[PDB]
Ligand SMILES: O=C1CC[C@H](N2C(=O)c3ccccc3C2=O)C(=O)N1
Ligand SMILES: [Zn+2]
């Protein structure tokens, strides 16, 4: 087996964030770490300025800015989880932006145990060194080219937190450490010239038993602020100040930030999302935010909340508290899918079009997320007007800046609509003809309007509305094709062309030409710094099938591209994306050609073909969020946009669009008028991006998810934290999904301080409202969930596998398997089967129920009496956490990668152990790929694949795939977000919010792409200069083996992004059979279509 | 309360004092192939860290070890799957730590004390003309895994370090495995795989056996701890090999807890249904556990389990102190009442002030936890 792995969605969760002057010493920067990604920003004061986003071949562990002596801006230090260290400098020259490595090296030690309190990366205030705490009992020092490093024998093994002390003659580190006596704060002086440690400036002062963080405070203060559970203490030798505020008792302070550069104010954040102000000691609660992983103070009043459990934030710290008493007000919310703890692919809306519903976030940040491929439209008006052949917006009042008129074209007719606010009404524009089909009309030069019909070119004045000029072909012939801007008109009469200019009360005929063939399409869009006057005319011709760039007024041929074929070009358009000029040409077969256009020469370069639909595509330019885009009207409506100076094509979630135009009216602002076969719809466009994310906040933890088609709803396992009240039970912390249910229910017992309450939620597949919530038993922990049909019974049941959890018990002694039926908007309990253990997993096994009870694997038969009956058992000696199936072949999984394959013998009515493998490593997820293969997630963010004459050979599974993903997969799911080269499709959801896709490849296709990877890695410049092979190497604390049987799709996809001469280099002598660059463009393009 | 010195059995005083001690340690690289000699009259399974006492008198064995001292000092102890057809796929290396040569009765004799070191995979068993077999073996590495949460937590929560102890352990579970909320499994599940947790669960049973146990005597490392405990569980040969195959200390502790919990009664292997003793009667009279390996005067190794009360036993003959493995106690032969199977011995104090005044030394080959 040979597999292919690609990123469907980048990691969303925030790992860290910093402030400084990285770009220029003038611009205040905000650097956000999204694991393998680095987002760089400028504090706009009126928002957030996105400058650059760079990917990296490592997981970011440390990220801190620094300015050593004389520097034009800031230097950035990054350390990966694989111990890749680097110093990065920013470099900008016009529209070209590049991150530059200054120094790089791998700091990993040959021996040593990685510390329990993680990797600690501190820097001296004078920029003299880099302090690293990677291993217990050692302190690595990097004096800030090849990042030279050395160790110092640190006597105190268990270090909690450490920081470099400010204002010291000899560099000093202050650390909280624990020993059998207690937890104490200590100081040590680090010598570079002696390469050793010497006694610190002050004595080992005893701190709180739960002292967690050291906050190095700058001059004139100096010393450190130690933070604990109940207390905040300050140490500076003979100087001491101990405070114990009750307001910080509920939750532990997990993160901080410096507000005043001198060190008078500090932001504090707990695990419950409370924000505090440490004033210089006094603490004041500011308000509530998302559960902050990291905090950053930027500019005046604005704060960045970097959340890993929920959506990240921008919040304002007001001087005056509101009515509720909160000094915190939410400005902007940033979508975070992480952690994805479970998910499923459901054909919501349209069949074939897959959607991904996830169990995202935790605690108060708990949510459902619906991820759908394509941009959406928000309908505000819908009118019955069938057979629209054209749409044009107008401003009937020259004094107004907004569109108040919409002009429609029909077969041989023209209708005019007026927009009186939100009211659309049928009207007649004076000067315009209604008995002729319109090809164009709009606001033109000298406060005038134009209307190009099949018969003439009509010029109408705005004060009053009357015909001022009219143009016709000399032999009274019909206009075939027409193009018009604000000053110019170019019309075709078969083979003939006519160039007109729009003057006051005059349509002046400048020039005319005869073309080699019949005219098919025209465009005279003015590009560049051209004040509504285009010196170019784009034209598509019949028979020869050519896209031609003509000069105005001469009509001289500048360029002629031979499109090829029997299919005539239907639409032609000149456009500008990210200051780069392009020519788009659509054929009658739905094919789209796109070249780069030189405004001066007329040359069309970098020919690219893309298949949009089956019907001829119509191209219309529209504005969205102060950015020019192109709407491609066909049976597959598409938005054509620019991302990193490359054209992107995202689909629109509409059955078909024939014609469209942008409408900006007083009633419908910054809108889009769309027309199909039957109706005209006015609406607003969503975010112009590949995927769309709908958020359904639950305000509690979503754990599991499945879908019931027959009920048109989802089954969701969820848990809420409740506190022990001064009564015989518990009370909630806030209203949540399970509390605010439409109809509620509780389990009736039949079996013999913060509490976790478990529930089975019922959510509608359209509205996403809690129709029903079934609360489980006290101390009952819901584990597994499946929506299926069992036995001869034709009703679909929502089945839940539970465990009775008690503090004294280590391994659950009790558990239930509960069969529910969802009818009349309420869950009805059908069967309650008590088992002697935890029901970790359940799967529908060919009309039977296969469920795990601790170590045992049970098969249940669903009788006519509607109750599960024990058939056969398999006692495994390994915990049955994972239970996956395909036909009569069963996979049994342990958290320690102990996999064993079972087979149910139908005639025998017993289980047979096919094969087994026992190689200890932490396993987070597993899925069956095919009949002989299975995919899984292994310790240290890795992926693996296992395959299947002699018995001692057949009874053993072989590890065929090994790959370092850089992500922690919690769920694998068969499905696709897309409407053959590869076999199968498995999606995966991670802790960081990253979504990925795994597909199979052929033996030779794998070798072709692997060869290509080795060649791409010689061309592509790596951020921080990390070798791709090293990054992808299957890594554990023990072994680091190169990746096997896996292709990095993300790397393969960047071939379509590299320069054309660089593509030539990669393909040169690549291959035995020879390989063209054109062949490899098609192959790589085909692979981008899977996601 | 017991006043017997628990350290006394572990020193094998019956083997005699004044033995040449060796300090130097030999360790083979992981997955590396080695050719190690095998002692022909050893039929016991050795667990790493376990003390193996020997009394060798067969000329070929005496010469083998005598030469072994002059070099490596390590020999191979095979875990037989079928002791009759001498079939073994696994084993453990034994390094000599105490050695003594004697000459008496016209023969050259040698007494050794070795310790289990490294588990291995048998690749081929070649035989020499003198009777001593050589074994082409592959060293099996000890697999150490990090915290279950180590990977998932690369965040701020990292700096949260690990009657009435009950609440500490709950605070420990809630704290250490808080990041389980990011995963698809509960904190109570991650505990079932935590080395510290699994060890404290075993330490609970160890204290029920040794009422005068001090935690300082127990190994801190789960690798050394899982192995110490493995060697004192009175289980059948088939289950012992399964335990020796285990590469992880976690998988081993989880396994040992299953054995410890499922265990109830210990019967006579021969008649199968005759109950001899129960889990509640097991106690640690030695620091290396309730069960340990000892040699009789003829080099036959008996892995004996110390219990206070035994049931269907018949004694024959009068007590003897000759070659006693528990100094201060006299042994008297014990057999199953039903079949007559040699079950071990009854140990009785030679002084009135000794505690326990009596106990039973049962050989594991005679027992069946059925
Ligand atoms: O503590 C003990 C129990 C008895 C044991 N023992 C035996 O197993 C044996 C077998 C044959 C002849 C002599 C003896 C003997 O003293 C022994 O050597 N020490
Ligand atoms: Zn018997």
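Here, residue 1 is simply the first one shown, and the rest follow in order.
Structure method, as recorded: X-ray crystallography, 3.0 Å.
The backbone N, Cα and C atoms fix where each Cβ goes, and this holds for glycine too.
Secondary structure from DSSP puts residue B:339 (Zn(2+) binding site) in coil. The Zn(2+) binding site annotation in Swiss-Prot covers B:268, B:271, B:336, B:339 and rests on experimental evidence.
Per Swiss-Prot, the feature (S)-thalidomide binding site maps to B:323, B:325, B:331. For residue B:323 ((S)-thalidomide binding site), applying a Cβ distance below 8 Å and a minimum sequence separation of six or more within one chain yields B:14, B:296, B:297.
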Secondary-structure category, per DSSP, in which residue B:271 (Zn(2+) binding site) falls: coil
Per DSSP, three-state class assigned to residue B:331 ((S)-thalidomide binding site): strand
Other same-chain residues whose Cβ falls within 8 Å of the Cβ centroid of B:323, B:325, B:331, the recorded (S)-thalidomide site, in sequence order: B:14, B:294, B:296, B:320, B:321, B:322, B:324, B:326, B:329, B:345
Fewest other Cβ within 10 angstroms of its own Cβ, chosen from the binding-site residues B:271, B:336: B:271
Binding-site residues compared (B:268, B:339) - highest count of Cβ atoms within 10 Å: B:268
Sorted by sequence, non-B:268, B:271, B:336, B:339 residues with Cβ within 8 Å of centre, Zn(2+): B:267, B:269, B:270, B:272, B:274, B:312, B:337, B:338, B:340, B:341, B:343
Listed binding-site residues with Cβ under 6 Å from ligand 2, out of B:268, B:323, B:331: B:268
Listed binding-site residues (B:325, B:331), ranked by Cβ neighbours within 10 Å, top entry: B:325
Alpha-carbon spacing, residue B:271 (Zn(2+) binding site) to residue B:331 ((S)-thalidomide binding site), which is rounded to whole Å: 24
Neighbourhood of ligand 1 - binding-site residues from B:271, B:331, B:336, B:339 with Cβ under 6 Å: B:331
Å between Cα atoms of residue B:163 and residue B:162 (gap: 11 unmodelled residues): 19
Nearest-integer angstrom distance between the alpha carbons (Cα) of residue B:268 (Zn(2+) binding site) and residue B:325 ((S)-thalidomide binding site): 23
Cα-Cα distance linking residue B:325 ((S)-thalidomide binding site) and residue B:336 (Zn(2+) binding site), given in Å to the nearest integer: 22
